[PDB]
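Notes for the structure review
Single-letter residue listing:
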Amino acid sequence: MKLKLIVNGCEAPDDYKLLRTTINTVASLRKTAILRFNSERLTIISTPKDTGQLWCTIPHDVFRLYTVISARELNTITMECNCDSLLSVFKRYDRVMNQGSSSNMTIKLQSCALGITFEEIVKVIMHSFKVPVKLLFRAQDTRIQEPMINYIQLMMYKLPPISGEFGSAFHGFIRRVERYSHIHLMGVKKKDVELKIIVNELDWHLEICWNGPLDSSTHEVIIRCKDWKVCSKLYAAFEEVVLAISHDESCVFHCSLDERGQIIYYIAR
Amino acid sequence: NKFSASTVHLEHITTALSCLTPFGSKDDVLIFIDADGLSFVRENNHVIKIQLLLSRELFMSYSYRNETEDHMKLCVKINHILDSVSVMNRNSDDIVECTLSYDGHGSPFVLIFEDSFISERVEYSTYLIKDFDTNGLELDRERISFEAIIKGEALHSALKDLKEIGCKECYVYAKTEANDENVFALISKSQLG
C-alpha cells in the first residue's frame, strides 16, 4: 500500500498539470472519480463512470520516484478519491508560482488518508493536508467497467491552436447557447472539409459554419445534448494539437493530444 | 434564390432598424421586394404607418431573379430579428457581411452574418395566410393643406424636450404671413398646463 511520487515540472508539464486541474474541476462536477495507478508509464486517470467517459493517460516518465503496490492480486488496482481537496491543494500550489522550486509536494497512501507536505518560503512554512476519502473497490468492479469498445470510420482532424479565433469562435457559440438556452453537429467529406453546427427550436433556428476551412461518407446528422461545453473548454490545450471524430450519427469524440498524453472524452446519443 | 442582397456596412442598417423599435419591435412587418429595392412597413391599430426604404445601390450583390408580376410579400416577426441581431454586430469595424435570401414563397427569410472567420445563419419563417394585401394609409397630393421642410436636429430636440413633459394631447399649427414671418409650432396641453 505504498503509493509515493514527487511532482515537479519546469517547462512542459506545468500546462499539463493545469489541464489536470481542469479535469479535476469537471470531475468535481462529475458524480464519481476513480483512478487506476498502474506500473510507472501508463497510468490511466479516467474518473467518470450524462453517459461520459474521460479516458486520458498520464505520462509519468518525467516524474521522479513513482511506485505502485497493493494487495489487488493482479497489476490492476482500484483507487477512488474525492477530488474536492485536489482542487484546494492544486490552487494553493498555483498560488506560489512566484517563487519556490524545491517545495513541491509528496503524497503517500496511508491507511486512513493521504498526507501532502509543503515547503514554501515567504522563514519556511510547512503545510500538511490529508485526503479525506480514499475508498477503494474490488478488481472485478474495475474489470467490468472498461472504456473504449469503439471503432473509427470518419475522422475529423482539427487545426492546432495557432489560430486563436477558432477556439474563440467555439467559445462564442458556447456563450451564445448559454444566453439563448440541441447542439447538432454535421460534417462533410467534400474537399479541405467543412464543419457546420446547428441549433434549432420551435421558433429559433441558428446554424454556424466556420469560414476559412483549414481542418483536415458524408451527411452525418447527429442529435445530442449540451454536455459539449466541457469538450470546448478542454480544447484549449496550448501545448499541442487536438483531434476529433464524429460518426455513426449517435456518437462523437474529442481527442486531445498533449509521452503522448492522449485525452478522449466520450459522448453518447 | 429569388431575392439576394449583400452589404458590408451594417451600421446604416442597424441605425435604420433602431428607428423602428419603439413600436415596430413587437411583430408584423411586411417586407417588400421589387426592382426599386427593399422596404419595411409597420402598422399597428391602423393609426400610424411607417415605410423605411433601402435602395439598390445600398446593397452590393442585388440580383433579384424573378419571373412573376414583380411584387412578393412576406410578414416576419421583428422581435425575433432583434433578438438574433443583438448578440452579433458587436464591437466596431468588425466588417460583418450580411447576406439576404428569400426563395419566393414558403421559405424562411435567411440572413447570413460573417465576422472574422465566424459565420452565422438565421432562418426567419414568415406568415402569409391572412395577408389582406393592399392596406396603406395614402393621401392625394391634389388637396394638400400645407407643405413644410424642417431640419432634423431641431425637430429631434423639440420632440426630446416634449416627451418628458408629458402632453398626452398635442397640436400642430400652420401659419403664413406677407412679411415672410412664417409661423410653425407644435403646441400641446398637459397636467403642467
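Each chain's residues are numbered sequentially from 1 according to the written sequence, a convention that need not reproduce the entry's numbering, and residues without coordinates are excluded. Each chain is given a letter, starting from A, and each ligand a number, starting from 1, according to the order in which they appear as written. What is shown is a subset of a larger assembly, and the numbers refer only to that subset. As a rule here, side-chain values cover all heavy atoms of the structure and leave hydrogens and water aside.

Chain B carries the name DNA damage checkpoint control protein RAD17 in the PDB entry, which gives Saccharomyces cerevisiae as its organism.

For chain A, the name recorded in the PDB entry is Mitosis Entry Checkpoint protein MEC3, with Saccharomyces cerevisiae as its organism.

1. Remarks on the overall build of chain A
Strands here are runs of E lasting at least two residues and helices are runs of H or I lasting at least four, both read from the DSSP assignment and numbered beginning at the N terminus. Helices and strands together make up the secondary structure of chain A, namely five helices and 17 strands. Projected onto its principal axes, the C-alpha positions of chain A cover 60 × 45 × 35 Å. Here, Shrake-Rupley sampling with a 1.4 Å probe gives the accessible areas, and only protein chains in the shown set may cover a residue. Of the roughly 15,700 Å² of accessible surface on chain A, a fraction of 59% belongs to carbon and sulfur atoms. This count recognises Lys and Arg as positive and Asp and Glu as negative, with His and chain-terminal groups excluded. To locate a charge, take atom NZ for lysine, CZ for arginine, CG for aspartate or CD for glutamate. The averaged location of the 30 negative side-chain charges in chain A is 6 Å from the averaged location of its 34 positive side-chain charges.

2. Thoughts on the sheet that holds strand β4 (residues 48–55) of chain B
Residues and elements named next belong to chain B. Between any two strands, at least two bridges found by DSSP are needed for them to pair. Strand order in this open sheet of four strands is β4-β3-β2-β5, and the pairing throughout is antiparallel. Edge positions in the sheet fall to β4 and β5 (72–76), since each has one partner strand and no second. Averaged over all neighbouring strand pairs, the angle between strand axes comes to 20°, with direction disregarded. Direction of pairing for strand β2 (residues 29–33) relative to strand β3 (residues 37–44): antiparallel, over a ladder of three bridges. Within the sheet, the bridge partner assigned to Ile33 lies in β3 and is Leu38. For helices, the axis comes from a line fit to the C-alpha atoms of the stretch in contact; other axes are also lines fit to C-alpha atoms, and the angle between any two N-to-C directions lies between 0 and 180 degrees.

3. Observations regarding the pattern of salt bridges
All names here are of chain A. Here, a salt bridge means any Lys or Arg side-chain nitrogen found within 4 Å of an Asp or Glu carboxyl oxygen. Summed over all chains, the structure comprises 13 salt bridges over all chains. For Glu259, the salt bridge is made with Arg260, and the minimal N-O distance between the two is 3.2 Å. For every residue, the accessible area (1.4 Å probe, protein chains only) is compared with the maximum for its type, and the residue is labelled buried under 20%, exposed over 50%, or partly exposed between those bounds. What makes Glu259 exposed here is its relative accessible area of 68%. Residues joined in a network through salt bridges with shared partners are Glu240, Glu259 and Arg260.

4. Considerations on the sheet that holds strand β1 (residues 3–7) of chain B
In spatial order, the strands read β11(A)-β12(A)-β13(A)-β8(B)-β7(B)-β6(B)-β1(B); together these seven strands make up an open sheet with antiparallel pairing. The open sheet is flanked by β11 (184–187) of chain A together with β1 of chain B, the only strands paired with a single partner. Taking the axes of each pair of neighbouring strands and ignoring which way they run, one obtains an average angle of 15° across the sheet. Pairing between β11(A) and strand β12 (residues 195–200) of chain A: four bridges, direction antiparallel. Bridge pairing in β12(A) links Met186(A) to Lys196(A).

5. Some details on the interface of chain A and chain B
Two residues form a contact once any of their heavy atoms are found within 4.5 Å. Listed as interface residues are 15 residues of chain A and, on the opposing side, 16 residues of chain B. Note: buried area is the sum, over both parts, of the accessible area (probe 1.4 Å) each one loses when the two are combined. Around 1,400 Å² of area is buried between chain A and chain B when both sides are counted, 49% of it from carbon and sulfur atoms. Its salt-bridge partner being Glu207(A), residue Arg121(B) comes within 3.3 Å of it at the nearest N-O pair. Within 3.5 Å is the distance limit for a polar contact, defined as a pair of N or O atoms, with the added protein rule that one can donate a hydrogen and the other accept it, and that residues adjacent in sequence qualify only through two side-chain atoms. Viewed at the interface, chain B and chain A are joined by five residue pairs in polar contact.

6. Remarks on helix α4 (residues 152–165) of chain B
What a helix should span is 1.5 Å times the count of its residues minus one. With 14 residues, α4(B) extends 20 Å between its outermost C-alpha atoms, agreeing within 8% with the 20 Å of an ideal straight helix rising 1.5 Å per residue. Backbone geometry just downstream of α4(B) places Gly166(B) in the positive-phi region, at approximately 120°.

7. What about a positive patch on the surface?
Each patch groups residues whose relative accessible area exceeds 30% and which form no salt bridge, using 9 Å between like charges and 5 Å between nonpolar side chains of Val, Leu, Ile, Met, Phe, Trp and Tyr. Together, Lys2(A), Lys4(A), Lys108(A) and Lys130(A) make up a positively charged patch on the protein surface. Locating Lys2(A) in the fold gives a position in the segment before β1 (4–6).

8. So, unusual backbone geometry
Residues and elements named next belong to chain A. For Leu65, which is not a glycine, the phi torsion comes out positive at approximately 60°. Secondary-structure assignment places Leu65 in strand β5 (residues 64–67). The class of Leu65 is exposed, set by a relative accessible area of 64%. If you check the backbone angles, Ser181 has positive phi at about 55° while not being a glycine. As for its placement among the helices and strands, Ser181 is situated in the loop between α4 (164–179) and β11. Note on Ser181: relative accessible area 59%, which makes it exposed.

9. Observations concerning the nonpolar core
We define the nonpolar core as a collection of buried residues of types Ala, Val, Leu, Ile, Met, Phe, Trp, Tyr and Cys that are connected through side-chain atoms lying within 4.5 Å of one another. Among the nonpolar cores identified, the biggest contains 75 residues, and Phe3(B), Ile33(B), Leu38(B) and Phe109(B) are the most heavily contacted of them. Among the elements that line this core, the one with the most residues is α4(A), at five residues. One finds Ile245(A), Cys251(A), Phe253(A) and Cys255(A) within the second-largest nonpolar core, a separate group that totals six residues.

10. Comments concerning the packing of aromatic side chains
Residue and element names in this part refer to chain A. Stacked, edge-to-face and tilted are the three classes for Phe, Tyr and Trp ring pairs, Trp counted by its six-membered ring, which pair at centre distances within 6.5 Å; planes under 30 degrees apart are stacked, over 60 edge-to-face, the rest tilted. This structure, assessed with the given rule, holds twelve aromatic pairs over all chains. Here the aromatic rings of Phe37 and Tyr66 are separated by 6.3 Å at their centres, their planes lie at 55°, and the arrangement is tilted. Note on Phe166 and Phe170: the rings are 4.9 Å apart at their centroids and 55° apart in plane angle, and the pair reads as tilted. Highlighted residues: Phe166 and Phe170, both in helix α4, separated by four residues, approximately one helical turn.

11. Regarding the environment of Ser119(B)
Structurally, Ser119(B) is set in strand β8 (residues 118–124). For the pair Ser119(B) and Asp161(B), spaced 42 residues apart in sequence, the C-alpha separation works out to 42 Å.

12. Let's talk about the environment of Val68(A)
All names here are of chain A. Following the sequence through the fold, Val68 ends up in the loop between β5 and β6 (79–80). Taking the relative accessible area as the measure of exposure, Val68 reaches 25% and is therefore partly exposed. Between the C-alpha atom of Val68 and that of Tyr93, which follows or precedes it by 25 residues, the distance is 24 Å. Look past the residues within four positions of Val68 in its chain and what remains in contact with it is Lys2, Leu3, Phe37, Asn38, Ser39 and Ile77.

13. With respect to the state of the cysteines
Covalently bonding the sulfur atom of one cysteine to the sulfur atom of another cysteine gives a disulfide. We call a pair of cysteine sulfur atoms a disulfide when they lie within 2.5 Å. One pass over the structure, following the stated rule, counts zero disulfides over all chains. Its sulfur unpaired, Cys251(A) is 11 Å from the next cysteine sulfur, which belongs to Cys231(A).

14. Examining the pairing of β5(B)
All names here are of chain B. Most of β5 is tucked away, with five of its five residues classed as buried. A two-sided burial pattern is seen for β5, the buried positions comprising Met72, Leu74 and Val76 on one face and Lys73 and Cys75 on the other. Pairing analysis gives five bridges linking β2 to β5, with the strands arranged antiparallel. Note that in β5 the partner of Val29 across the bridge is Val76.

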